[PDB]
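A.B. asks: I have a structure here, written as C-alpha cells, and I will follow up with some questions on it.
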Amino acid sequence: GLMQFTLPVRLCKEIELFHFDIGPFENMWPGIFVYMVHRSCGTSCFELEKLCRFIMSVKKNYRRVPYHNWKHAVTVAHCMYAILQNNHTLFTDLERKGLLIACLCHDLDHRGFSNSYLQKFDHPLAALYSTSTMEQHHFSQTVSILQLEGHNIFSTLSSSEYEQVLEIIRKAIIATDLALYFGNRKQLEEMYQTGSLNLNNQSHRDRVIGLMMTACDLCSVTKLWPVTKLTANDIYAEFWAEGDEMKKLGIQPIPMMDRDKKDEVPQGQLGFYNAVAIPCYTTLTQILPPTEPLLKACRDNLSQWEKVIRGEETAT
Ligand SMILES: CCCc1nc(C)c2c(C)nc3ccc(OC)nc3n12
Ligand SMILES: [Mg+2]
Ligand SMILES: [Zn+2]
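Position in the sequence shown counted from 1, then plus 457, gives you PDB author numbering.
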C-alpha cells in the first residue's frame, strides 16, 4: 500500500511532457507504466502483485517486430497518461483504469501486417472478424490474459462496473482501426462546430475516447524530430515486409509498401500528416484544449519532412 514507484529525476520531470521518449532500457518500461497508473488512477486502483503479473503476460504476447511491439504499447499508454494528467477533472475513475490498460493492450499479438494483407492472404482471423480484423483480435487477447489465474486486475470492481470497463476497453481498442478514424473525426468536427458536442452523452464520450486512442496511437509524429525520424524507419520496415509478402501473393503493393520506391517516403509522410495526423490533433485540441502541445509538435515534424523533400536534410 505504502510502496510507491519513483523514477530518476530527469524521467520524473520529462514523463509529464507529451514528447517524452521511454528510452532504450526495456527493463524500466513496466516500472514507468506502474508509475503512470499510480499517479493517473491511484495506488489503490490495482493490486500491485496482479498488475505486475498482467503487465508481464501482456509483454510476453507482443512479438519481436520492428514497430508494432512492446515499446509501441508502452509509448501509446504514456501519451494517454499525458492527456489524462492535463485533463484531470474530465474523466471518471473507471475511464482512467480502462484507457491506460486499453493502450497497453491495443496491438497485442500484432504480426506487423495490415488488416488488408490478412484479407488478401485469406488468414483465419479475416474469416473470424470481417472488419477491424486485427483490432477484434487485440481485444480477444486482452480478455484471454484478464482470465489467466492471478491476472484479474479488475476483481475488486462490481459485476456492472467490470462490464463497463471491458466495454470502454473494447471500443477504445476497436477505435485504433484507422479505417474508422476518418468518419469518427468528421462527426466530432460537425458536433463541435454546430455546438452540439455533449460530454454527458455516452455516444459523444465514446467518439472523444476514440479520437484520444487515434491521438495516442499516432503519437510518434508528436516527438522531437530525431525520435520521429528514427521511429519512421521502424514503421516503414514493417510496410516493406508487407509489400514483399503482397509480391509473393502475386499482387503489386501500393508504393508506400514497395521497398524499391523508398524515394516516395518523404511525400508519403506529407500526405499522412495532412490527411490524418494534423486533422486528428486539431479536432483533439478543439475538444481538449490542454492537448495543444501534440498539435504543435506534429506541425513541427510536418515542417521537418518538408525540409527532407527540399533536400535541406536527408533521412539516412
Ligand atoms: C499502422 C501504422 C499507422 C501509423 N502510425 C504512425 C505513427 C504513422 C506514420 C508516421 N506514417 C504512416 C504513413 C502511412 C500509414 O498508413 C496506414 N500509417 C502511418 N502511421
Ligand atoms: Mg493497431
Ligand atoms: Zn498501435
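Built from N, CA and C at the ideal position, the CB exists for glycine as well.
#1: State the start and end residues of the unbroken alpha helix (DSSP H) segment that holds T590.
#2: I'd like to confirm something about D691: is its beta-carbon nearer than 6 Å to some heavy atom of ligand 3, or not?
#3: Should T688 be listed as close to ligand 2, given that the test is whether its C-beta is under 6 Å from any heavy atom?
#4: Should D663 be listed as close to ligand 2, given that the test is whether its C-beta is under 6 Å from any heavy atom?
#5: What alpha helix (DSSP H) runs, 4 residues minimum, are completely inside the stretch 632-664?
#6: Give the secondary structure of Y586 by DSSP, where H, G and I count as helix, E and B as strand, and everything else as coil.
#7: For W762 and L727, which I take to be in contact (beta-carbon distance under 8 Å), what is that distance rounded to the nearest angstrom?
#8: Round the Cβ separation of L645 and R662 to the nearest angstrom and send it over; I've been treating them as touching at under 8 Å.
#9: Under three-state DSSP, which class holds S677?
#10: Specify whether the stretch 565-583 and the stretch 496-512 touch according to this definition: at least 3 beta carbon pairs, one from each stretch, less than 8 Å apart.
#11: Following a CB-centred definition, is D634 positioned closer than 6 Å to any heavy atom of ligand 3?
#12: Check whether the Cβ atoms of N758 and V678 lie closer than 7 Å to each other.
#13: Does the Cβ of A534 have 16 or more other Cβ atoms within 10 Å, making it buried, or fewer, making it exposed?
#14: For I540 and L675, which I take to be in contact (beta-carbon distance under 8 Å), what is that distance rounded to the nearest angstrom?
#15: Closest to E620 by C-alpha separation, out of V600, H595, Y586 and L751, would be which residue?
#16: At the level of alpha carbons, what is the spacing between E699 and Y574?
#17: Which residue marks the beginning of the alpha helix (DSSP H) containing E504, and which one marks its end?
#18: If you follow the alpha helix (DSSP H) that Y693 is in, where does it begin and where does it stop?
#19: Got a sec? Which residues, its chain only, sit under 8 Å from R756 by beta carbon, not counting five neighbours each side?
#20: With respect to the alpha helix (DSSP H) encompassing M493, which residues constitute its N-terminal and C-terminal limits?
#21: Could you tell me the distance, in whole angstroms, from the CA atom of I692 to the CA atom of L654?
#22: Kindly indicate which residue of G458, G488 and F475 has the alpha-carbon position closest to the one of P465.
#23: With hydrogens ignored, establish whether the beta-carbon of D566 is closer than 6 Å to any heavy atom of ligand 3.
#24: Tell me the DSSP secondary structure of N518 in three-state form.
#25: Please confirm if the stretch 574-586 is in contact with the stretch 515-531, defined as three or more CB-CB distances below 8 Å between the two stretches.
#26: Could you tell me which of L582, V722 and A754 sits nearest to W682, measuring between CA atoms?
#27: DSSP three-state call for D717: helix, strand or coil?
#28: Does the beta-carbon distance from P723 to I766 come in below 7 Å?
#29: How would you call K554, buried or exposed, if buried means at least 16 neighbouring beta carbons within 10 angstroms?
#30: Three or more beta-carbon pairs under 8 Å between the stretch 505-515 and the stretch 602-612, yes or no?
#31: Locate the alpha helix (DSSP H) running through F729, then write down its first and last residues.
#32: For ligand 3, is there a heavy atom less than 6 Å away from the beta-carbon of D674?
C.D. replies: Reading from the atomic positions:
#1: As a working mapping, residue 590 is identified with position 133 in the sequence shown. For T590, the enclosing alpha helix (DSSP H) covers residues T590 to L603.
#2: Within the sequence shown, the letter at position 234 stands for residue 691. No, ligand 3 has no heavy atom inside 6 Å of this Cβ.
#3: Taking the first residue of the sequence shown as 1, we reach residue 688 at position 231. Closer than 6 Å to some heavy atom of ligand 2: that does not describe the Cβ of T688.
#4: Mapped onto the sequence shown, residue 663 falls at position 206. No.
#5: Contiguous alpha helix (DSSP H) elements confined to the stretch 632-664 occur at 635-650, taking only those with 4 or more residues.
#6: One-based indexing of the sequence shown puts residue 586 at position 129. Looking at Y586 - three-state DSSP - the assignment turns out to be coil, as it is neither helix nor strand.
#7: Numbered from 1 along the sequence shown, position 305 holds the residue referred to as residue 762. Numbered from 1 along the sequence shown, position 270 holds the residue referred to as residue 727. Right, the Cβ-Cβ distance comes to about 6 Å (below 8 Å), so this counts as a contact.
#8: Within the sequence shown, the letter at position 188 stands for residue 645. Within the sequence shown, the letter at position 205 stands for residue 662. That belief does not hold up - the Cβ atoms of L645 and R662 are roughly 11 Å apart, past 8 Å.
#9: As a position in the sequence shown, residue 677 is number 220, starting the count at 1. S677: helix per DSSP, three-state reduction.
#10: Contact between the stretch 565-583 and the stretch 496-512 is not established, with fewer than three Cβ pairs separated by less than 8 Å.
#11: If you number the sequence shown from 1, residue 634 lands on position 177. At a cut-off of 6 Å, the beta-carbon of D634 does not count as near ligand 3: no heavy atom of the ligand is closer than that.
#12: Taking the sequence shown and counting its residues from 1, the one referred to as residue 758 is at position 301. Taking the sequence shown and counting its residues from 1, the one referred to as residue 678 is at position 221. Cβ atoms of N758 and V678: closer than 7 Å.
#13: As a working note, residue 534 is residue 77 in the sequence shown. Label assigned to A534: buried.
#14: If you number the sequence shown from 1, residue 540 lands on position 83. If you number the sequence shown from 1, residue 675 lands on position 218. Not confirmed; about 13 Å, so no contact.
#15: Taking the sequence shown and counting its residues from 1, the one referred to as residue 620 is at position 163. Taking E620 as reference, the option from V600, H595, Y586 and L751 with the minimal CA-CA separation is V600.
#16: As a working note, residue 699 is residue 242 in the sequence shown. As a working note, residue 574 is residue 117 in the sequence shown. Separation of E699 and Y574 (C-alpha to C-alpha, rounded to the nearest whole angstrom) is 7 Å.
#17: Taking the first residue of the sequence shown as position 1, residue 504 is located at position 47. Careful: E504 lies outside any alpha helix (DSSP H) and carries neither H nor E.
#18: Translated into the one-based positions of the sequence shown, residue 693 becomes position 236. Counting along the chain, the alpha helix (DSSP H) containing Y693 begins and ends at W682 to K705.
#19: To locate residue 756, count along the sequence shown from 1; it is residue 299. Closer than 8 Å at Cβ, skipping near neighbours: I735.
#20: The residue you call residue 493 lines up with position 36 of the sequence shown. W486 to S497 is the span of the alpha helix (DSSP H), which, as asked, contains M493.
#21: Looking up residue 692 in the sequence shown gives position 235. Looking up residue 654 in the sequence shown gives position 197. About 34 Å.
#22: Mapped onto the sequence shown, residue 465 falls at position 8. Checked all of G458, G488 and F475; the closest Cα to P465 is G488.
#23: Mapped onto the sequence shown, residue 566 falls at position 109. Incorrect: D566 has no Cβ contact closer than 6 Å to ligand 3.
#24: Here residue 518 corresponds to residue number 61 of the sequence shown, with the count starting at 1. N518: coil per DSSP, three-state reduction.
#25: At 8 Å Cβ cutoff, the stretches do not touch.
#26: Looking up residue 682 in the sequence shown gives position 225. Comparing Cα positions, the closest option is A754.
#27: Along the sequence shown, one-based indexing puts residue 717 at 260. Per DSSP, reduced to three states, the secondary structure at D717 is helical.
#28: Counting from one through the sequence shown, the residue named residue 723 turns up at place 266. Counting from one through the sequence shown, the residue named residue 766 turns up at place 309. In contact: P723 and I766 (Cβ atoms closer than 7 Å).
#29: In the sequence shown, the residue the question calls residue 554 occupies position 97. Sixteen is the threshold: when 16 or more other Cβ atoms of the shown chains lie within 10 Å of the Cβ of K554, as they do, the residue is buried.
#30: They touch, by the three-pair rule.
#31: The residue you call residue 729 lines up with position 272 of the sequence shown. Membership of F729 in the alpha helix (DSSP H) is indicated by the continuous run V722 to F729.
#32: Here the question's residue 674 lines up with position 217 in the sequence shown. Yes - ligand 3 has a heavy atom lying nearer than 6 Å to the Cβ of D674.
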